[PDB]
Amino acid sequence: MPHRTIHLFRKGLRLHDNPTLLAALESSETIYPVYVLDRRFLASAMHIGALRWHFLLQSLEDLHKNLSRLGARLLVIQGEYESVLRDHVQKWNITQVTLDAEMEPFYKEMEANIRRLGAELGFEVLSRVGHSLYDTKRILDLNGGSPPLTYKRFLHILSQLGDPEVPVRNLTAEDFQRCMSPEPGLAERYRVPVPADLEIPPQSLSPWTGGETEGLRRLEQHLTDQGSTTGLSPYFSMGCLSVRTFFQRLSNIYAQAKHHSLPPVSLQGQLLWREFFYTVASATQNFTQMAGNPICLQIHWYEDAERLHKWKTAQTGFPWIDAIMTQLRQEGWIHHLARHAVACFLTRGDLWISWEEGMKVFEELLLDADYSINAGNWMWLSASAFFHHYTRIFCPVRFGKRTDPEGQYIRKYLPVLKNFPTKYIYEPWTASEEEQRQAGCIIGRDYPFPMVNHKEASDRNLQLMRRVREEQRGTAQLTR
């Protein structure tokens, strides 16, 4: 097998169900498994917070360990990807570069530039899809060339298409005996960087740890506990876990239960929601912004950086909202309906700030930040597309009360409020100043007053949204 190959990890930080890396190994006599850490590229394409950096480095550490157990290695190269390739195609006499066929525009542009470099330097480029359950193009073709714009229509097209693609086999020590992974000269240059190399605090405090190994453990620990959700989203978004592998595992449980257990089928539905947004995002221009986006309602959101700042820094004065944003910032993950609460509050519900700004904050702070899922759900929660019950607005006081009447979640993440009686824990501004003194927390000093009046703001915003939907009837109809 002739090729000397670089495989470029970008997502796909796993060895199970990795069709591109498998294709690389089957076609090559020597291989260099590489992650290019390109700060200039990421600076131009992404917003990445400290917790996300920690999860990436942990996932790279684990990938290095798993490759090393098979007689190989991970090579982390720090630089601009074009210069890195010019240098290392020469150093390693490369004839093939492999990389996953990611759908993100910034990844597609990188891929286009790498293909152009291959035409110049003399390497072929091979890609396989490792991020989706289905061949997205097949879904588009069955729907006449355009993506389904409702989940119902999406499911109808999938029922014509059939089952998802199956995972490919695991990689083995024999693969790296047939296709050798040489230790390069100057190998200390290729170590996984440590947090201080990225100027981030050294200790990661997220209850999440990156990597394929922890992803697989968590997956199996969830199914055993089932005998709160999976908490697997960061592993799917980073590629530490294959959605095809998880889909098939759920099918295995359904089969062994003689088709009598529907909970695994419900969880398969969560991955179909992921696939829905990936499919729309892959075939919709300007998907992650409002202007020029053909399915997005055009809404003149306020430019009010101070409102955004208060929301982002958990200083809205609504404890339920600030507690969620605090868990997001400190841990990097929040429950689906917690995301509903704060996204509705920021956009159509209260602050009337663009969903694009909420998306960018979530991108920075979420371990599971995902181009397609995040944009799709932010359009949903702002009632810009997909969701149309705009007279229904989450109450930033009452919603948590049903869940957690005593406010234990609030007291955990906002300990300044920990001594407030539950009668005030969701609306501490209604306490008298003397009750505030007794709780040790003066509103406006230790914890802010509420930044809007929810009743007045949501009333305002309902009238604004109604004008939008009465005028842009055709746009709203696209996703209903």
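Heads up: residue numbers just count along the shown sequence, starting at 1.
Across the two stretches, 307 to 315 and 209 to 217, the PDB entry reports the greater mean Cα temperature factor for 209 to 217. Between the stretches 398 to 406 and 96 to 104, it is 398 to 406 that shows the larger average CA temperature factor. In this entry, the residue among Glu433, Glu427, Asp62, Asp446 with the greatest C-alpha B factor is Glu433. Annotation for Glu275, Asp87, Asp370, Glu120: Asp87 ranks highest, by Cα B-factor.
Sorting the modelled residues of the chain by their CA temperature factor places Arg480 in the highest third. In the deposited entry, the Cα temperature factor of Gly49 sits in the middle third of values across the chain's modelled residues. Among the modelled residues of the chain, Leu70 sits in the highest third by CA temperature factor in this PDB entry. The entry lists a Cα temperature factor for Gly185 that places it in the highest third of the chain's modelled residues. Ranked by Cα temperature factor within the chain, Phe55 sits in the lowest third according to the deposited record.
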